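To keep things clear, I will list the structure first and then write my remarks on it.
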Amino acid sequence: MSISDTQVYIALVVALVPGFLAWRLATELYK
Amino acid sequence: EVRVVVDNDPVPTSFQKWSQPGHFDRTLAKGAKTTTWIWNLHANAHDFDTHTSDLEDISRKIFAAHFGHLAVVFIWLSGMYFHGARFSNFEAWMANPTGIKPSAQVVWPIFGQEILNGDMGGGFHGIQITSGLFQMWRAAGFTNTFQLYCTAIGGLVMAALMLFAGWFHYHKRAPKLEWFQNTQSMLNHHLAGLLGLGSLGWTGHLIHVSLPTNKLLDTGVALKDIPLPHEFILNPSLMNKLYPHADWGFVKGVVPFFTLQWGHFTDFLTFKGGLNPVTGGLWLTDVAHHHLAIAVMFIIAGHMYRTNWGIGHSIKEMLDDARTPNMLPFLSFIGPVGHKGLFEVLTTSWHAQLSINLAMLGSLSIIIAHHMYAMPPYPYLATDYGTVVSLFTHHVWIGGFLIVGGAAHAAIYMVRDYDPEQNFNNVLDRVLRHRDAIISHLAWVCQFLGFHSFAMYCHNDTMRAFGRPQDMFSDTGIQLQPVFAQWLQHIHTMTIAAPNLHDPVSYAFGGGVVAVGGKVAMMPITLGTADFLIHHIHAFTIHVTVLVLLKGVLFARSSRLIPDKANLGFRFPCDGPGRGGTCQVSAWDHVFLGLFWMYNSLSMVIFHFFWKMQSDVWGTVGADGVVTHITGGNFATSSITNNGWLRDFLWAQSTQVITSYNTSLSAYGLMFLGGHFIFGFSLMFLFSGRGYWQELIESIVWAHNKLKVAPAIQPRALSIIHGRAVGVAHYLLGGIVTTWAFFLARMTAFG
Amino acid sequence: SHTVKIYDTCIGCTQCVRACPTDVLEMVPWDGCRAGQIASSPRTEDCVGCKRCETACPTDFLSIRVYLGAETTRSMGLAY
Amino acid sequence: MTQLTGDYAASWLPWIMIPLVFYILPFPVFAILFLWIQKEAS
Amino acid sequence: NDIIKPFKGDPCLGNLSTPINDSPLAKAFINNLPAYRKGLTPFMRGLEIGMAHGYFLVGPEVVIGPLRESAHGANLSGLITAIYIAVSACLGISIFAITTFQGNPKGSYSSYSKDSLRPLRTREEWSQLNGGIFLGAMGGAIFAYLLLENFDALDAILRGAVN
Amino acid sequence: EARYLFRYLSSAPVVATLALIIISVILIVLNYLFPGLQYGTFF
Amino acid sequence: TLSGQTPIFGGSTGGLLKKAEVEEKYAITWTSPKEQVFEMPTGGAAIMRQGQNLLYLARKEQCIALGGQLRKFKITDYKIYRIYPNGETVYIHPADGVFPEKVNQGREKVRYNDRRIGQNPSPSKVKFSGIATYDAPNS
Amino acid sequence: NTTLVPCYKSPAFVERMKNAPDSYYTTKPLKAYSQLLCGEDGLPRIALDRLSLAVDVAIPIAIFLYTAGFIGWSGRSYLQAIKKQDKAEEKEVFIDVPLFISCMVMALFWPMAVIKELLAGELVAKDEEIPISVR
Ligand code: CLA
Ligand code: CLA
Ligand SMILES: CC1=C(/C=C/C(C)=C/C=C/C(C)=C/C=C/C=C(C)/C=C/C=C(C)/C=C/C2=C(C)CCCC2(C)C)C(C)(C)CCC1
Ligand SMILES: CC1=C(/C=C/C(C)=C/C=C/C(C)=C\C=C/C=C(C)/C=C/C=C(C)/C=C/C2=C(C)CCCC2(C)C)C(C)(C)CCC1
Ligand SMILES: CC1=C(C/C=C(\C)CCC[C@H](C)CCC[C@H](C)CCCC(C)C)C(=O)c2ccccc2C1=O
Ligand SMILES: [Ca+2]
């Protein structure tokens with residue numbers, strides 16, 4: 001039983017949270 | 001006016017200067033302060049242009065040093081004939097030159113190395129030589145080992161003359177500068193007296209020694225019924241059963257030459273032009289006709305230039321008249337001055353001469369390599385597959401070193417002998433005056449070919465890995481046919497204008513297959529997509545070698561970085577870390593990098609040769625006519641991906657040198673590992689610099705100062721240029737010994 | 001924009017100024033030498049960094065140091 | 001088989017993102033990342 | 001006398017007056033290419049440069065591309081190659097124009113540069129150029145795509161097969 | 001003259017080269033002491 | 001300013017590039033008593049004139065490379081100028097009118113350290129400070 | 001170790017004797033390998049057991065270390081022999097072979113020479129005699 005169709009998209013929007021928290025931190029370290 | 005003018009006892013003959021080495025340089029001849037003095041004593045031993053200043057005394061050193069060099073070659077030639085005399089199976093190989101392997105240089109029984117004395121056929125144990133000496137002595141008419149021995153004696157006494165002539169011409173009668181500078185008289189004697197009379201002398205030998213001896217050896221007389229070469233002349237009746245259409249008497253047999261009835265000579269001066277099908281070599285009657293044609297045409301050539309009898313040409317103002325009121329309109333761009341002041345370049349400087357004479361001796365050696373496989377001149381040469389590869393490979397490498405040396409002295413000429421006043425606006429100055437358009441377009445064509453030769457190999461390497469063999473540059477995918485080279489292969493075989501040559505010259509071009517001992521002597525070498533691609537690798541690697549070497553010649557004087565690069569010398573490491581870093585800006589450092597590119601280029605040429613013969617030419621013929629090649633058509637399909645080169649050529653064909661232990665090929669296994677060590681060892685000197693090494697000696701000098709065992713010849717790490725010279729001398733040594741071991745282990749394991 | 005500092009160990013041998021290909025160095029009067037001279041570097045934006053001045057200095061562990069710093073358009077010697 | 005497929009879930013997603021991150025987005029990214037390394041400090 | 005002069009009479013300039021760059025024919029050809037033609041707006045410079053390039057760029061992919069085996073699919077692979085090469089090229093000259101024209105262009109685009117081999121030195125001139133290059137290389141790509149996907153219909157009408 | 005010659009014969013490399021030629025006991029000593037001479041064998 | 005007749009030179013490829021009229025450019029000006037030929041620092045050979053000579057070079061190293069060549073023709077009256085693109089011409093060599101090997105009065109010890117090079121401070125001393133170890137106002 | 005047995009009793013090594021030509025090399029040496037500790041593959045080996053081989057792991061080591069020191073001592077003593085002569089600059093490029101030979105005969109009894117070098121405090125240079133770097 002592989003993971004469902006929706007579980008892939010749930011990971012996509014969850015991984016968008018550290019995607020923006022990386023912007024939080026990269027710009028705060030003054031790129 | 002040509003004259004012999006010499007000095008009388010100019011230099012005394014004593015061992016005064018033997019006991020004080022480095023005398024030639026005032027900096028060397030003041031003490032050995034460091035170990036750098038030791039290396040400077042050898043890197044400067046032959047740079048005669050820095051020992052003295054006057055061209056008279058320099059040229060006397062050049063001329064006397066050549067004599068001692070000719071002595072060295074005569075010692076080496078004597079060693080070849082002496083080994084062929086009493087350490088070879090040459091007697092056995094004359095009887096049966098198919099099943100007997102050529103071998104001189106047997107090995108002493110010590111250290112267990114008697115295993116190298118492999119079986120050669122006929123019960124003789126030795127090492128299978130691949131130098132082709134035996135195939136050359138048979139074409140010279142040698143039959144017994146006494147003639148070989150007395151030629152070795154005749155070479156040792158000939159080397160003694162060279163040593164005496166060198167001492168005589170430096171210490172007793174040294175010529176003055178006027179004797180050297182008449183190059184116009186030297187061309188007359190070298191064209192006529194050396195090359196003309198030499199090939200006239202040789203065609204005398206061919207007709208009277210080689211042609212009769214090889215006539216009878218083709219009928220199988222087995223070295224009893226062979227007359228000695230003089231018995232062909234003492235007994236002129238003996239050469240009437242052979243070549244009966246001539247007359248063969250002292251006076252009565254020579255007058256057809258003078259009365260111009262040359263039809264009587266048609267039976268021994270033929271124009272057959274093919275391979276003698278019993279030996280596989282060229283027809284010696286066809287070779288004897290060649291040297292006579294060459295002799296006549298070189299003696300004629302030696303009368304072109306004007307010595308002291310008024311008549312002839314003057315090079316001085318044949319050059320000076322190549323200005324531009326008088327050129328073809330499309331090449332009238334080389335200056336109103338043109339070639340003026342260029343006869344003084346090639347007369348007042350030896351590096352100018354050495355640069356040309358090396359670049360043409362190097363190009364000659366590569367041309368010679370291409371001609372001695374496609375039309376083998378020697379009997380039973382083409383079937384000895386180990387000799388065909390080792391003769392082509394030797395002369396390509398020799399020819400490539402010489403070419404790089406022609407570009408070295410083209411650059412030593414620039415930063416030592418280049419004179420702006422005699423070279424104003426002439427043909428040499430106009431090259432330096434646009435040397436950015438020469439290198440820009442060379443660096444572009446080097447880069448155009450780099451993508452369109454090598455990166456097509458990475459295209460093929462990727463489609464065959466994807467599993468798309470129909471979109472790779474194959475004979476089956478996207479064909480790249482050598483259209484203009486398959487055309488010439490058609491031109492050179494339909495012309496058999498030139499109608500008299502009924503037999504096609506160079507079966508390589510097309511037509512027929514020659515099998516001598518069952519093995520194929522020569523086949524047509526067809527060209528497909530694999531030969532389009534490999535020929536553009538050759539074009540690419542030659543160009544970058546030219547780009548590296550030409551850059552070092554044009555920018556030897558100056559650049560935009562260092563406008564005074566000529567004052568720093570020819571051989572300097574750098575000009576400091578400024579301008580971002582000027583490492584390797586000298587003209588020497590472009591010879592050092594061109595040596596790597598010569599290595600890359602030529603090792604691809606000999607790989608193209610070695611695989612294309614094994615797959616398309618060499619092989620054996622059965623009882624029907626089909627040819628089973630050594631690798632069997634492998635080149636056409638698998639030489640187009642450079643994974644195929646690594647598995648179907650390097651991995652596959654190294655089986656003979658890998659599995660060579662405990663056999664007679666054992667020494668090629670050790671050389672093959674030995675070459676790998678030296679290559680890896682070279683990278684110590686190439687990748688590192690002497691600041692690390694000098695600072696390591698200080699920690700090692702300390703350990704000697706502690707135990708009071710320091711030397712007074714202070715240990716210095718090698719120079720920057722020295723360390724780069726060591727690196728390239730080992731990379732090229734190691735990377736060639738591994739190729740030499742791989743070629744010969746593969747082909748002495750077969751035949 | 002390199003930094004050619006001169007130290008008090010000069011002997012006024014004048015050799016550092018001659019080797020400079022870009023005229024960065026010049027002599028000024030001094031008193032710590034028999035020569036009464038010492039090198040100075042008034043034109044160091046012109047310093048190309050070749051360290052040819054350091055090769056000519058004969059004092060052991062030489063008195064003139066090129067300190068390769070911020071490299072600009074004339075300290076890298078670009079004709080383009 | 002003779003095609004790129006996916007037994008895994010959301011098999012349409014490599015179909016679009018392998019072109020995206022590898023030959024559709026980088027040239028915009030290399031342009032943005034170029035505008036940043038070559039801006040005047042005025 | 002000599003045919004190779006110093007470049008416009010100044011011996012100190014790093015060039016030569018040669019039959020390739022300073023010939024009556026060669027100057028007449030290069031200085032009337034759309035990059036250099038006197039009297040063109042930068043849009044018409046780029047429009048004419050673009051169409052010449054979009055047109056020929058569909059070629060090398062429709063006959064030796066991966067899709068060459070079929071007919072309708074080969075033309076798509078050639079068109080999109082010209083689409084992608086031009087879009088990335090016009091991306092290149094929008095970011096070239098941004099990063100060189102920033103107050104005093106370091107190089108050949110300075111106010112006191114007096115360079116004839118590149119006369120577009122403004123950023124008002126490089127923006128119409130980008131539009132011309134783009135719209136040109138797109139129309140040229142489509143026209144070479146329409147002429148190739150209709151090749152059988154076009155081979156007939158240049159052979160008289162349509163009466 | 002045979003005073004500068006004999007100094008040359010003993011200079012730097014001729015002493016070294018002759019030493020390596022004189023260090024050829026490994027050719028005589030290993031020719032008649034049954035060449036195979038491994039560490040546990042010779043006494 | 002600057003003036004002089006340019007030497008007889010067929011024009012080179014190593015001469016001035018776009019940096020000449022955009023960043024700045026150099027001019028060496030010398031007087032010769034004879035009509036001889038000298039080596040161009042940008043490759044080639046040119047014939048120097050009889051009166052006042054003027055040559056335009058891309059970088060200062062070329063001018064002093066050529067100036068060092070002029071001293072081998074016994075010419076030591078050359079002057080090197082620096083032409084900014086707006087047009088003014090600075091005198092930069094020899095800066096005081098006498099050659100830098102000579103010692104004048106009025107020149108100043110600039111970038112002189114009053115210590116041996118051996119006692120430059122350790123890099124830990126200037127840690128997180130603007131200066132380097134070699135400026136180092138101590139001693 | 002007990003896996004190693006003498007080549008006397010080793011099945012893999014008598015096989016080496018069986019298919020052995022002679023010629024000079026595989027009979028006279030190979031008999032002498034019968035006394036060696038011989039692996040489970042018929043190959044003579046160097047093991048370090050106890051007094052059984054305590055003299056045989058000293059014959060090569062004593063012969064080498066003596067003649068390595070002999071080369072080192074004669075080479076060392078010849079260096080100080082010419083430093084004191086104040087001619088060591090060219091005394092090294094031109095070997096003074098009567099002096100070098102006389103320095104070799106001093107190096108025959110070098111092990112007892114080094115002891116009285118050490119016991120006199122004369123072998124090793126003192127620490128502030130030695131050129132060093134900044135440290
Ligand atoms: C016994 C006879 C003899 C004697 C006493 C001399 C003595 C002298 N020669 Mg002379 N010479 C001789 C024979 C002799 N020569 C011969 C036969 C030739 C023809 C080649 C020459 C050509 C010649 C030239 C061109 C010059 C001299 C010079 C000199 C003087 C310098 C000494 C020297 O070169 O240092 C070196 C001492 C040596 C022993 C050098 C020998 C190196 C040999 C030749 C190596 C070649 C073989 C080599 C081993 C190749 C194998 C390599 C292999 C291992 C890979 C000196 C007074 C030089 C001079 O006039 O000084 C200003 C000078 O330039 N000679
Ligand atoms: C760092 C861990 C990591 C790595 C090495 C990969 C690698 C890969 N993924 Mg991804 N992915 C990840 C995390 C990772 N993934 C996570 C956490 C998710 C949940 C949202 C996804 C969801 C995902 C999908 C839907 C797909 C891939 C696919 C792929 C393959 C093609 C590249 C691509 O398009 O991805 C695209 C990238 C993303 C979708 C976002 C992933 C970025 C993660 C979250 C952070 C990575 C940044 C990294 C830590 C910073 C380093 C940058 C620099 C310093 C080097 C490739 C093997 C494709 C495939 O299946 O191949 C057949 C595919 O379409 N991945
Ligand atoms: C140098 C030279 C040469 C060459 C040339 C060339 C290189 C070529 C070419 C060419 C080309 C390459 C051409 C082209 C073209 C084109 C065109 C003509 C185009 C077009 C187009 C169009 C018309 C489009 C349209 C459109 C649009 C715009 C949009 C919508 C869609 C359409 C499609 C409608 C020679 C030697 C020959 C001679 C002369 C000189
Ligand atoms: C026995 C044994 C072993 C062991 C060994 C060991 C563990 C050791 C050690 C030792 C040690 C712990 C040492 C040392 C040292 C120290 C020092 C400190 C030194 C020195 C030296 C010197 C001092 C030297 C001197 C000399 C000589 C002797 C001669 C020559 C010269 C010279 C100077 C070099 C083994 C297992 C291997 C083997 C078997 C048994
Ligand atoms: C190893 C190495 C060195 C050190 C190289 C040395 C020290 C050469 C070693 C040769 C040895 C010293 C030969 C000496 C032979 C002795 C004379 C011993 C002979 C005595 C017997 C014959 C009796 C450099 O100087 C160097 C410089 C630049 C780039 C890379 C490197 C580099 O890699
Ligand atoms: Ca296809």
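Simple scheme: letters A, B, ... for chains in structure tokens order, numbers from 1 for residues in each chain, numbers from 1 for ligands in the order shown.
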
_Which residues are near region 195-207 of chain B? Cut-off 10 Å, only C-alpha atoms, ignore same chain within fewer than 4 positions. Put them as a PyMOL selection string._
chain B and resi 139-141+189-191+211-214+229+268-269+284-285+287-302

Item to complete: Give me the residues within 10 Å of region 482-494 of chain B as number ranges by chain, counting only C-alpha atoms and dropping any in the same chain fewer than 4 places off.
Response: B: 498-499, 503-511, 524-533, 535

Item to complete: Within chain G, find each residue whose DSSP state, derived from the backbone, is alpha helix (DSSP H), and express the selection as a VMD selection string.
Response: chain G and resid 60 to 70

Just the selected residues (N, CA and C atoms), exported as a short mmCIF file (atom, residue, chain, number, x, y, z; two decimals), in the first residue's frame, please.
data_model
loop_
_atom_site.label_atom_id
_atom_site.label_comp_id
_atom_site.auth_asym_id
_atom_site.auth_seq_id
_atom_site.Cartn_x
_atom_site.Cartn_y
_atom_site.Cartn_z
N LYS G 60 50.67 51.60 -17.86
CA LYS G 60 51.91 52.27 -17.50
C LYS G 60 53.12 51.36 -17.64
N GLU G 61 52.92 50.05 -17.45
CA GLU G 61 54.04 49.12 -17.54
C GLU G 61 54.65 49.12 -18.93
N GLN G 62 53.82 49.25 -19.97
CA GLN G 62 54.33 49.34 -21.33
C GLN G 62 55.21 50.57 -21.51
N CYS G 63 54.79 51.70 -20.96
CA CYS G 63 55.55 52.93 -21.12
C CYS G 63 56.92 52.83 -20.46
N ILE G 64 56.98 52.27 -19.26
CA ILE G 64 58.27 52.11 -18.60
C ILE G 64 59.04 50.91 -19.14
N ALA G 65 58.36 49.95 -19.77
CA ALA G 65 59.08 48.96 -20.56
C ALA G 65 59.74 49.62 -21.76
N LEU G 66 59.01 50.51 -22.43
CA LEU G 66 59.60 51.24 -23.55
C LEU G 66 60.63 52.25 -23.06
N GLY G 67 60.35 52.91 -21.94
CA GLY G 67 61.31 53.85 -21.40
C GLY G 67 62.63 53.20 -21.04
N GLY G 68 62.58 51.99 -20.49
CA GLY G 68 63.79 51.23 -20.26
C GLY G 68 64.49 50.81 -21.53
N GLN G 69 63.75 50.70 -22.64
CA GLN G 69 64.38 50.47 -23.93
C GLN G 69 65.03 51.73 -24.49
N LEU G 70 64.43 52.89 -24.22
CA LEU G 70 65.01 54.14 -24.71
C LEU G 70 66.34 54.44 -24.04
#

Within 6 Å of chain C, which residues of chain G are there when counting only C-alpha atoms? Please give them as a PyMOL selection string. chain G and resi 17+19+58+61+100+103+107+109-116

Those residues with N, CA, C and O atoms, as a tab-separated table (two decimals), in the first residue's frame please?
chain	number	residue	atom	x	y	z
G	17	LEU	N	42.90	49.31	-26.69
G	17	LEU	CA	41.61	48.66	-26.77
G	17	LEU	C	40.56	49.62	-26.23
G	17	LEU	O	40.82	50.82	-26.08
G	19	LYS	N	39.56	50.04	-23.36
G	19	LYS	CA	39.94	50.64	-22.09
G	19	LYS	C	40.67	51.96	-22.28
G	19	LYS	O	40.74	52.76	-21.34
G	58	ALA	N	48.62	51.48	-23.54
G	58	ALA	CA	47.41	51.15	-22.80
G	58	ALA	C	47.60	51.18	-21.29
G	58	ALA	O	46.68	51.53	-20.56
G	61	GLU	N	52.92	50.05	-17.45
G	61	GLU	CA	54.04	49.12	-17.54
G	61	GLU	C	54.65	49.12	-18.93
G	61	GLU	O	55.87	49.01	-19.08
G	100	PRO	N	63.60	58.36	-10.66
G	100	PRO	CA	63.46	57.90	-9.26
G	100	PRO	C	64.67	57.22	-8.67
G	100	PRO	O	64.75	57.10	-7.45
G	103	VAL	N	68.10	60.63	-5.92
G	103	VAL	CA	67.49	61.10	-4.69
G	103	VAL	C	67.41	62.62	-4.74
G	103	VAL	O	68.37	63.29	-5.12
G	107	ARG	N	61.24	64.94	-1.04
G	107	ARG	CA	60.45	63.72	-1.07
G	107	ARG	C	60.36	63.12	0.33
G	107	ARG	O	61.25	63.29	1.16
G	109	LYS	N	59.29	60.01	3.21
G	109	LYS	CA	59.22	58.59	3.52
G	109	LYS	C	57.75	58.21	3.63
G	109	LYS	O	57.09	58.53	4.62
G	110	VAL	N	57.23	57.54	2.62
G	110	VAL	CA	55.82	57.16	2.56
G	110	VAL	C	55.72	55.64	2.56
G	110	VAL	O	56.47	54.95	1.86
G	111	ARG	N	54.81	55.12	3.39
G	111	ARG	CA	54.75	53.70	3.73
G	111	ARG	C	56.11	53.19	4.19
G	111	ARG	O	56.69	52.26	3.63
G	112	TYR	N	56.63	53.84	5.21
G	112	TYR	CA	57.85	53.44	5.89
G	112	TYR	C	57.50	52.96	7.28
G	112	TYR	O	56.81	53.66	8.02
G	113	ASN	N	57.96	51.76	7.63
G	113	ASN	CA	57.82	51.25	8.99
G	113	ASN	C	59.15	51.43	9.71
G	113	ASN	O	60.20	51.06	9.19
G	114	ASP	N	59.09	51.99	10.92
G	114	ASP	CA	60.29	52.27	11.69
G	114	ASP	C	60.69	51.09	12.57
G	114	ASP	O	61.18	51.27	13.69
G	115	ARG	N	60.47	49.88	12.08
G	115	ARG	CA	60.82	48.67	12.78
G	115	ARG	C	61.39	47.68	11.78
G	115	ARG	O	61.23	47.84	10.57
G	116	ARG	N	62.08	46.67	12.30
G	116	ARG	CA	62.40	45.53	11.47
G	116	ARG	C	61.10	44.85	11.07
G	116	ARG	O	60.10	44.91	11.78

Each residue of chain H with at least one atom at most 12 Å from chain G should appear once, together with its nearest atom pair and the corresponding distance in Å (one decimal); atoms considered: only C-alpha atoms; ordering: chain, then increasing residue number; output as a tab-separated table.
residue	atom	partner	partner_atom	distance
H:133	CA	G:118	CA	11.5
H:134	CA	G:118	CA	8.9
H:135	CA	G:118	CA	11.7

- Task: Would you give me, as a PyMOL selection string, the residues of chain D that come within 12 Å of chain E, using only C-alpha atoms?
- Result: chain D and resi 23-42

At most 10 Å from ligand 6 (only C-alpha atoms and all ligand atoms): residue list as a short mmCIF file (atom, residue, chain, number, x, y, z; two decimals) with C-alpha atoms, in the first residue's frame:
data_model
loop_
_atom_site.label_atom_id
_atom_site.label_comp_id
_atom_site.auth_asym_id
_atom_site.auth_seq_id
_atom_site.Cartn_x
_atom_site.Cartn_y
_atom_site.Cartn_z
CA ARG B 468 19.05 5.00 -28.70
CA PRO B 469 21.57 3.60 -31.18
CA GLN B 470 19.58 5.04 -34.09
CA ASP B 471 20.30 8.63 -32.98
CA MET B 472 24.02 8.22 -32.49
CA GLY B 477 22.52 6.14 -36.96
CA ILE B 478 23.40 9.62 -38.19
CA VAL E 63 15.74 16.59 -39.64
CA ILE E 64 18.41 15.46 -37.18
CA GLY E 65 16.42 15.86 -34.00
CA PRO E 66 14.91 13.10 -31.91
CA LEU E 67 11.53 13.47 -33.63
CA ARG E 68 12.88 13.30 -37.19
CA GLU E 69 11.52 9.80 -37.70
CA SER E 70 7.88 10.93 -37.96
#

Atom 55 (C, counted along the ligand's line) of ligand 1 sits from CA of residue 16 (chain F) at a separation of 16.2 Å

Quiz item: Given a cut-off of 7 Å, what residues near ligand 5 show up using only C-alpha atoms and all ligand atoms, put as a PyMOL selection string?
Solution: (chain B and resi 684-686+688-690+693-694+717-720+722-724) or (chain F and resi 16-17+19-20)

Shell of 9 Å around residue 43 (chain G), only C-alpha atoms, local chain residues under 2 positions omitted, as a VMD selection string = (chain B and resid 429 432 to 435 554 to 555 557 to 559 563) or (chain G and resid 12 to 15 39 to 41 45)

Keeping C-alpha atoms, export the residues of the selection given above as a compact mmCIF listing (two decimals), in the first residue's frame.
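Okay, out_20.txt is ready:
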# COMPACT_ATOMS: atom_id res chain seq x y z
CA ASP B 429 57.50 41.45 -38.11
CA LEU B 432 54.13 39.65 -34.44
CA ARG B 433 52.20 42.78 -35.30
CA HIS B 434 48.89 40.91 -35.59
CA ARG B 435 49.54 37.98 -33.23
CA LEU B 554 54.38 34.84 -30.87
CA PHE B 555 54.14 35.96 -27.23
CA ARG B 557 58.82 38.73 -26.81
CA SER B 558 56.01 40.45 -24.96
CA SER B 559 52.31 40.42 -24.15
CA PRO B 563 55.65 44.02 -22.19
CA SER G 12 49.48 46.60 -34.53
CA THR G 13 46.93 44.37 -32.88
CA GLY G 14 48.44 44.77 -29.40
CA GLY G 15 47.71 48.48 -29.12
CA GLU G 39 60.88 47.49 -30.44
CA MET G 40 57.22 48.15 -29.83
CA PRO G 41 55.99 47.07 -26.36
CA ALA G 45 58.99 47.36 -34.49

TODO: Could you give me, as a ChimeraX atom specification, every polymer residue with an atom at most 9 Å away from an atom of ligand 4, counting only C-alpha atoms and all ligand atoms?
DONE: /B:704,706-709 /H:48,54,57-58,61,65-66,68-77,110-111,114,118,123-124
